[PDB]
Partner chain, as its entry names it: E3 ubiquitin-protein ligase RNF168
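Just one chain follows, in the form deposited without its partner chain, and it is written as structure tokens.
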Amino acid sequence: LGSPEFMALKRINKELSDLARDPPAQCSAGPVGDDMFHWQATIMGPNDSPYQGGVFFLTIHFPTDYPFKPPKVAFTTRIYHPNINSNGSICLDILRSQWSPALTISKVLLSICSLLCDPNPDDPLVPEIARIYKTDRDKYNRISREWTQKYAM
């Protein structure tokens, strides 16, 4: 008899190797405290974003039935962004109802990086920030830059 977490563990180990060997630009991730199901990721703020210069940390919890359910992913660095709330929750469809077992943590991290460079104001977790992104982009840029300075340095 195997452990019920055998297929998830096998899958997470493979994803860890793939991520290690070819990470999405400016990302890294892996187990914290030797728990294969609890990782931390780091995203360096993309050069084309007002997040440039920043280091952003995220917590990833994989479910026991990975890859048949999505990982839980949250920022733990504060970030000013229409699609990321103060709890660090991320508005990404594939982390909600659109997960597929074909997707991987590398794909999630690549999608998050893409979001930082290109917010989706039509899908807002923080409507006020979406409205500012759309109507007063210079203000959004400078507040994003200020928070990067205060929280991600």
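Numbering follows the first chain given and starts at 1.
Below, we refer to the form deposited with its partner chain bound, which is not included among the displayed structures.
Query raised in the report: Do all of 7, 68 and 102 end up near its partner chain in the deposited complex, with near meaning a heavy atom within 4.5 Å?
Result: Result yes, every residue of the spot touches its partner chain.
Query - Touches its partner chain in the deposited complex: residue 11 (any heavy atom, 4.5 Å) - result: Taking the distances in the deposited complex, the answer for residue 11 is yes, it comes within 4.5 Å of its partner chain.
**Report entry** Distance check, residue 86 to its partner chain in the deposited complex, heavy atom within 4.5 Å
**Finding:** Flag for residue 86 set to no.
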